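Below you'll find the structure, written out as structure tokens, and then a few comments.
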Amino acid sequence: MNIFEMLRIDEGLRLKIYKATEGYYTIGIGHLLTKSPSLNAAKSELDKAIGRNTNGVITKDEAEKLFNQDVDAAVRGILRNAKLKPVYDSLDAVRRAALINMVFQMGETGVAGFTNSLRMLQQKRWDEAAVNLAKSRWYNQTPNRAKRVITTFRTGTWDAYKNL
Ligand SMILES: [Cl-]
Ligand SMILES: [Cl-]
């Protein structure tokens, strides 16, 4: 298992524009297009991102290229974030992947605000951070996904994903 396979399980794959769970336009593998209620806005963003007139539809290859860019961007955002970097640097390979997932999903800013949980992770207080992370809108809105990530952090293994 790796970060790509992991996020691919969590986000899924959709070749047409769709509304993600917060009602925002998305496509591919969790690629947020716009927060804006306009389909036009989303289509526009889509064509800009792909480099062509898409008519809200992309190919698999195109999905993946966006995915690759997004993973890369998530890792780089963590490495430049003064609050995330030190946490990331203290973790083992599996748990770094769980931090990348959250960043991918909620952005650098959202994650850096989990002040208390970050500190517990940094301190390797697995069980306590897992409980702290659960006390969030994040967990209440997307519980099954949040639970897979939380377990990852808690156990440091990919058990939450083997079967999926
Ligand atoms: Cl883009
Ligand atoms: Cl969920």
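With PDB author numbering, letter number 157 in the sequence shown gets 157, and the count goes up by one each step, no holes.
Positions of the beta carbon are idealized from the N, C-alpha and C atoms, including for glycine.
Distance cut-off 7 Å: residue i Cβ against heavy atoms of ligand 2
i	result
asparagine 55	no
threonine 142	yes
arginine 154	no
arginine 76	no
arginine 8	no
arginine 14	no
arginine 145	yes
Buried or exposed (CB count within 10 angstroms, at least 16 for buried), residue i
i	result
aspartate 89	exposed
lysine 60	exposed
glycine 51	exposed
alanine 82	exposed
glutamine 105	buried
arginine 154	buried
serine 117	buried
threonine 152	buried
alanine 129	buried
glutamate 5	exposed
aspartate 10	buried
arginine 137	exposed
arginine 95	buried
Bridge partner(s) assigned by DSSP for residue i
i	result
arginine 148	Looking at the DSSP assignment, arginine 148 forms no beta bridge with any residue, so it has no partner.
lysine 16	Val57
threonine 142	BP columns for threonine 142 are empty, so no partner.
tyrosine 25	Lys19 and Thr34
Heavy atom of ligand 1 within 7 Å of residue i beta-carbon
i	result
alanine 82	no
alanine 49	yes
Nearest-angstrom Cβ-Cβ length linking residue i and residue j, presumed shorter than 8 Å
i	j	result
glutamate 108	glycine 77	4 Å
residue 165	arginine 148	The chain is shown only over 1 to 164; residue 165 falls outside these bounds and no answer can be derived.
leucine 7	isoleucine 27	About 15 Å separates the two Cβ atoms, so there is no contact after all.
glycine 12	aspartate 92	Contact doesn't hold; Cβ gap of about 27 Å is too wide.
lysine 16	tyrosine 25	The pair is not a contact, with the Cβ atoms about 11 Å apart (cut-off 8 Å).
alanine 42	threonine 54	The Cβ separation is near 11 Å, so there is no contact.
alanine 73	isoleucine 100	About 11 Å; that fails the 8 Å criterion.
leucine 84	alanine 49	About 25 Å; that fails the 8 Å criterion.
Point to revise | Segments assigned alpha helix (DSSP H), at least 4 residues, entirely inside the region 88 to 137 | key: Whole alpha helix (DSSP H) segments, 4+ residues: 93 to 112, 115 to 122 and 126 to 134.
Review point. Can you give, in chain order, each stretch of the beta strand (DSSP E) that sits fully within the region 29 to 80 and has at least 3 residues?
Key: Runs found: 31 to 34.
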